[PDB]
Amino acid sequence: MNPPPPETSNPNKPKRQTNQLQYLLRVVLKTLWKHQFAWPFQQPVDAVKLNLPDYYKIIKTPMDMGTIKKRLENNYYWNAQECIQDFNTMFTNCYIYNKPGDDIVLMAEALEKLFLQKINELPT
Ligand SMILES: O=[N+]([O-])c1cc(Cl)c(O)c2ncccc12
């Protein structure tokens, strides 16, 4: 079945809140969340429901915007770069599992371009 979801808290990890990390939540994630193509990325891939029994055979560092949102809400990250790496893992996993031009990939590519637009300029 499905693996445990990625952690959204960790008391051994030091927490921080920066202007940039608040912006990644309130502006970047909250607007990506509203996109019509966001729904596949709002929660961990349910390989059992989706009948993708090889998914977690191939994807060993899963990530999703639901997990990122909870991390941001928990101040789980030390800096904005940690959060941006999670977004990139999410996108890269989708391009690894799937193939150019697949419906799910076109959705990921639309979100990625939007994501790149929004982090082009972060607050001070
Ligand atoms: O939720 N989904 O339907 C979903 C999400 C993600 Cl992130 C994927 O890579 C998928 N790949 C193939 C089929 C469905 C997928």
Side-chain angles (χ1 to χ4, degrees), residues 2-124:
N2 298 314
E7 69 180 15
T8 53
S9 58
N10 183 339
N12 301 321
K13 195 181 187 300
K15 296 174 153 201
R16 207 163 61 146
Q17 186 44 287
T18 61
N19 287 2
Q20 316 205 50
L21 272 164
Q22 311 175 294
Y23 183 83
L24 277 165
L25 179 52
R26 302 202 241 272
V27 172
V28 184
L29 192 139
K30 303 265 173 85
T31 70
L32 277 173
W33 199 267
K34 314 255 178 112
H35 198 275
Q36 63 160 353
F37 289 167
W39 66 260
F41 312 102
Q42 293 172 334
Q43 59 287 306
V45 165
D46 186 342
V48 176
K49 173 180 62 169
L50 285 159
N51 288 119
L52 312 169
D54 54 2
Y55 185 84
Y56 290 109
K57 305 300 128 81
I58 297 159
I59 303 303
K60 301 316 211 176
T61 303
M63 191 46 64
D64 66 275
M65 277 199 301
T67 299
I68 299 170
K69 179 168 190 273
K70 295 209 251 302
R71 289 183 170 190
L72 285 163
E73 286 167 345
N74 292 356
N75 298 322
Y76 169 93
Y77 297 112
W78 188 254
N79 57 38
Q81 200 35 67
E82 290 190 341
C83 175
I84 291 168
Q85 286 160 218
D86 276 352
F87 273 102
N88 281 318
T89 301
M90 179 183 77
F91 290 128
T92 288
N93 289 344
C94 184
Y95 309 140
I96 291 168
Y97 184 71
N98 298 287
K99 302 189 191 140
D102 284 349
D103 268 8
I104 181 80
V105 164
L106 295 165
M107 297 168 89
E109 284 173 346
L111 293 214
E112 188 188 7
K113 278 172 252 137
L114 174 57
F115 169 78
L116 284 169
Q117 269 162 219
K118 297 256 132 186
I119 67 167
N120 225 294
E121 199 183 17
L122 302 170
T124 293

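For ligands, and for the atoms within them, numbers begin at 1 and follow the listed sequence. Nothing fancy with the numbering, it's 1 onward along the sequence. Side chains included, hydrogens not; waters and symmetry mates left out as well; all remaining heavy atoms used.
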Considering only NZ, NE, NH1 and NH2 on the basic side and carboxylate oxygens on the acidic side, decide whether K113 and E109 come within less than 4.0 Å.
-> no
Can you tell me if NZ on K60 sees more than 12 non-hydrogen neighbours from other groups inside 6.0 Å?
-> yes
Can you hop from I104 to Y97 via hydrophobic side chains spaced under 4.5 Å?
-> no
Within the protein, flag every N or O under 3.5 Å from an N or O of ligand 1, and note the pair and distance.
from, atom 1, to, atom 2, distance (Å)
ligand 1, 9 (O), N98, ND2, 3.0
ligand 1, 11 (N), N98, OD1, 3.4
ligand 1, 11 (N), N98, ND2, 3.1

Taking only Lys NZ, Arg NE, NH1 and NH2, and the carboxylate oxygens of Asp or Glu, determine whether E82 and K13 approach each other closer than 4.0 Å.
-> yes
What is the ring orientation for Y95 with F91, classed by angle as parallel under 30°, tilted 30 to 60°, or perpendicular over 60°?
-> parallel
Output for pair (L72 CG, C83 SG), nearest 0.5 Å, gives 4.0 Å
